[PDB]
Structures are given as structure tokens and as C-alpha cells.
């Protein structure tokens, strides 16, 4: 059951937002937007397609954050020469996932950067 401004798809409420924010802020914003509020999670291709067209219908051609962050930070980074990774020199701290409203394809963008977003909750 969706508060008249949030849209419904399979028992969930979704809503796109205009003000560009970094990933962190956007995630935290969604939480304060509703009980159980979070940045959009795609559990299927059909949910993805719903959100994408919703986003386009609401704010046109732009880019929006999904609820996936620090994507590679926890991976197993190894120097091919088996040297211990001690010294670090990362240009960008961590990458987050976003989608462009033209399709449901997943793309990465540095989390500190701006993008619009879609929040969702269960109710």
C-alpha cells in the first residue's frame, strides 16, 4: 500500500528523487524517508524494468543510484608477483552501482560522486 507519491510493484513502494547526492547520503536519505526505507534493490529483471521506466517517466534522461556500494573494496586484490598488498595508492576510495534511465544495465561510479536516486520500502 503506497503513500500517494510512491509507486507500487509487487508489494513494494518505490520513489525517484531529483536532488543529486552521493551514494552514502542518498542511502541515508531513503531511510529517513520511510520505515524500512533504503536505496533501490533489483531482485529480478522485471523489478529493474519497472524502476527504470518509473525513473525515466519521473525525471527523464539521467543516472540513479541503486543500493549497492563499495563493490570491489572487499575483493581479493593481489599483485601478480604475489607481493603483499601493504602500500596502497587508490585514486578513488570505493565504487558504487547506478543505472542510467535508458535501460536496466548496471554501471559503476565512484561513491563520492553525484547522481539522482530511487528509494524503496516494503508495505
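Numbering follows the first chain given and starts at 1. The term rigid core refers to the maximal set of C-alpha atoms that superpose within 1.5 Å between the two forms.
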{"property": "Outlying stretch relative to shown form, 84-92 versus 48-56 in 5 other deposited structures of this protein, C-alpha RMS (core)", "result": "84-92"}
{"property": "Which of 81-89 and 32-40 has higher mean CA B factor, as the PDB entry lists it", "result": "32-40"}
{"property": "Of 45-53 and 93-101, the one with larger mean CA B-factor", "result": "45-53"}
{"property": "Where the record places residue 13 (Cα B-factor, split into thirds across the chain)", "result": "highest"}
{"property": "Ranked C-alpha temperature factor of residue 73 among modelled chain residues, by third", "result": "lowest"}
